[PDB]
Amino acid sequence: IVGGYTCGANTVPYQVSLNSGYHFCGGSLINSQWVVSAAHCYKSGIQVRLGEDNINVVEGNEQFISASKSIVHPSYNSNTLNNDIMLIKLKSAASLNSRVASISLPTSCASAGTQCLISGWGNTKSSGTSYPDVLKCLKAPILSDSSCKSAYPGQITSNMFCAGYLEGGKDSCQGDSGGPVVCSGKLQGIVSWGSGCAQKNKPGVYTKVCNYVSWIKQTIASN
Ligand SMILES: NC(=[NH2+])c1ccc2nc(C(=O)c3nc4ccc(C(N)=[NH2+])cc4[nH]3)[nH]c2c1
Ligand SMILES: [Ca+2]
Ligand SMILES: [Mg+2]
Ligand SMILES: [Zn+2]
């Protein structure tokens with residue numbers, strides 16, 4: 001996250017860190033046994049870490065659980081990144097508490113203007129590499145599809161939306177991937193892609209989760 005602030009230990013209790021010997025992507029807990037992340041975060045051998053704040057220190061509120069199965073969206077295109085969402089089932093169900101809680105899926109899609117909270121342990125420098133050990137947060141509004149499509153001509157589909165600042169300075173970045181974009185209490189986006197990070201007129205692009213609620217509900221109930 002570039003231009004964000006330290007969230008505070010466990011203030012985003014539904015944030016997960018996907019680890020395959022190191023942190024490589026973020027994710028969101030949707031219920032005690034399932035996590036939603038981005039399909040471009042697919043790997044084999046993933047351990048889900050809940051209750052994290054500093055990912056380099058065991059501070060006492062973590063739960064490390066391995067995944068039993070991963071389901072990448074049936075129509076995910078790795079070249080355009082369209083339908084960039086994946087579900088992960090935990091081998092055991094998490095124990096939910098104040099520090100580990102699930103986030104709610106949306107009943108409708110959010111409007112341009114809506115302020116959201118985006119979080120992750122991704123790169124914090126636009127020009128450079130600096131990876132934080134504690135969770136970083138960023139409040140950014142959803143942008144109109146028009147400014148999103150002008151920034152990325154012929155690349156934005158109906159399954160994506162942009163959020164951020166066209167002036168640049170604030171954005172999600174690699175390492176935040178798969179992470180949550182919560183607006184009004186509902187998980188509305190998943191960190192998917194962008195042009196570098198925090199560049200002027202290059203906002204972040206997120207997966208539009210309101211378009212996948214039936215696929216999510218049907219998939220977890222049948223797995
Ligand atoms: N399994 C891997 N090897 C892997 C995992 C995540 C990656 N992520 C990128 C990436 O290239 C990438 N993830 C981004 C997320 C947000 C923005 C943004 N500017 N908002 C830009 C991003 N670029 N490469 C990746 C490779
Ligand atoms: Ca830790
Ligand atoms: Mg994240
Ligand atoms: Zn990524």
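What tally of residues in the stretch 2-56 results from selecting those that are touching a residue at least 60 places away in the same chain (Cβ under 8 Å), under 23 Å from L105 (Cα atoms) and either of a type in the set (F, W, Y) or within 16 Å of ligand 4 (Cβ to nearest atom) (or both)?
Total satisfying the criteria: 14.
Given the condition under 20 Å from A110 (Cα atoms) and buried (at least 23 other Cβ atoms within 10 Å of the Cβ), answer yes or no: does some residue in the stretch 168-176 qualify? Let's see the steps before the verdict.
As a first pass, look at the stretch 168-176 and keep what is under 20 Å from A110 (Cα atoms): 171-172.
From what's left, buried (at least 23 other Cβ atoms within 10 Å of the Cβ): 171-172.
Checked against the condition, which is being under 20 Å from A110 (Cα atoms) and buried (at least 23 other Cβ atoms within 10 Å of the Cβ), the stretch 168-176 yields at least one hit.
Output the residues belonging to the stretch 190-203 that are touching a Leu at 6+ places or on another chain (Cβ under 9 Å) and either buried (at least 23 other Cβ atoms within 10 Å of the Cβ) or of a type in the set (S, T, Y) (or both).
Result: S192, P203.
Residues checked against (1) surrounded by 15 or more Cβ atoms within 10 Å (Cβ to Cβ); (2) under 20 Å from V2 (Cβ atoms):
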residue	(1), (2)
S146	no, no
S150	no, no
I156	yes, no
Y165	yes, yes
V181	yes, yes
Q188	yes, no
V209	yes, no
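Given the options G120, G169, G178, name the one that is under 27 Å from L50 (Cβ atoms), more than 16 Å from ligand 2 (Cβ to nearest atom) and touching a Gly at 6+ places or on another chain (Cβ under 6 Å).
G178
Condition check: over 18 Å from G8 (Cβ atoms), assigned by CATH to the domain that holds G178, more than 16 Å from ligand 3 (Cβ to nearest atom) and of a type outside the set (A, V, I, L, M). Does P141 satisfy that?
The answer is yes for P141.
Out of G51, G21, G60, report the one residue that is touching a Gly at 6+ places or on another chain (Cβ under 9 Å), within 15 Å of ligand 3 (Cβ to nearest atom) and either within 25 Å of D133 (Cβ to Cβ) or among the acidic types (D, E) (or both).
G51
Look at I46 and say whether it is β-branched (V, I, T), within 16 Å of ligand 1 (Cβ to nearest atom) and over 23 Å from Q218 (Cβ atoms). Walk me through how you get there before you give the answer.
On the way: β-branched (V, I, T): yes; within 16 Å of ligand 1 (Cβ to nearest atom): yes; over 23 Å from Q218 (Cβ atoms): no.
Considered against the rule, which asks whether it is β-branched (V, I, T), within 16 Å of ligand 1 (Cβ to nearest atom) and over 23 Å from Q218 (Cβ atoms), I46 comes out as no.
What is reported rests on the model, the rules as stated and the sources as named; none is laboratory data. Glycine also receives a Cβ, built like all others from the backbone with ideal geometry; neighbour counts cover every protein chain displayed.
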